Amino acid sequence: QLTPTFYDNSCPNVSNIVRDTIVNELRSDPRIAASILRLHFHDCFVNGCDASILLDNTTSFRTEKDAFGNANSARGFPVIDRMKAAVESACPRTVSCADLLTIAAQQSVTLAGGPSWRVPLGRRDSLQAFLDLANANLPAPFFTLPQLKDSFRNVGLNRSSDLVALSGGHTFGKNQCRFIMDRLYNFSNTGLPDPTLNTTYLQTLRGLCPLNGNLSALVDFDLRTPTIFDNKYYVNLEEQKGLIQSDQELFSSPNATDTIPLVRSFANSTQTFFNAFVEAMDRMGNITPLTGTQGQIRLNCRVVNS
């Protein structure tokens, strides 16, 4: 089983080295904390948190980086390489890329103002990447609530609290216009905007994402505090200001009888949200890990050891 003290003897300063790397990177790229948290999410939803997403192409298997949910979207890979190199220097062949990414995600959340906790450790690295599985398992912004629930259950997260709390990752970070164009101009083939999108906010978003405009333009997930990890994400939902369809459905879907009270509870109390986020994060980080002698301790996160 995974344990928070896994490296307390072999690499006691691993978390500190990871933190320093992110602090430095944040000065030039304020979006990196959000990007790293997402990388961990995308790692865990595909064969578990085994650093499979970090592998590059080989002639025998395709990289998950070319999945619909990763291509021209996932980012921060060089930053992970940097901290890995620093950790390898401090503690040679000790910390797996899977664990490194998990610590990086937690430290990113904390640095952005979120809760602080010690993540379970002991994960090992995959011997292959899973592109098809990534295309099948990563949820999409246009998913209905039942589809979102299905996606989480598919990887082992049965609880609606898992879904509502982890969706809180959208309390910061960016989103491309491409993913909300339907909500703004032609939702579900009606030629009309998504009725669950606040009309005042609709105008603002249309100005940022005009029809026939730059689909790659970026917009903030949280209009209240764009880069701070807090519970404002849920306050937005209560006012019909969730950015993407999958955000707003947590509060407005006909199937939201179970998620609405969770959204409200997290919007009403930072402590309630933070506690639920840590609980859900650790549950996601516990998805089908390779442990013991399974897999390996990858030296270069981009390639399997040889």
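All residue numbers refer to positions in the sequence shown, first residue = 1.
Higher average CA B factor: 181-189, of the stretches 127-135 and 181-189. Higher average CA B factor: 79-87, of the stretches 79-87 and 213-221. Highest C-alpha temperature factor among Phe172, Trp117, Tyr234, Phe143, as the PDB entry reports it: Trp117. Take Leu208, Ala165, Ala112, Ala71 and read off each C-alpha B-factor from the entry; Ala112 has the highest. The entry lists a Cα temperature factor for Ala105 that places it in the middle third of the chain's modelled residues. Looking at the C-alpha B-factors along this chain, the one for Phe41 belongs to the lowest third. When the modelled residues of the chain are ordered by their C-alpha B factor, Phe251 lands in the lowest third. The PDB entry assigns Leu148 a C-alpha temperature factor belonging to the lowest third of its chain's modelled residues. When the modelled residues of the chain are ordered by C-alpha B-factor, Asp29 sits in the highest third.
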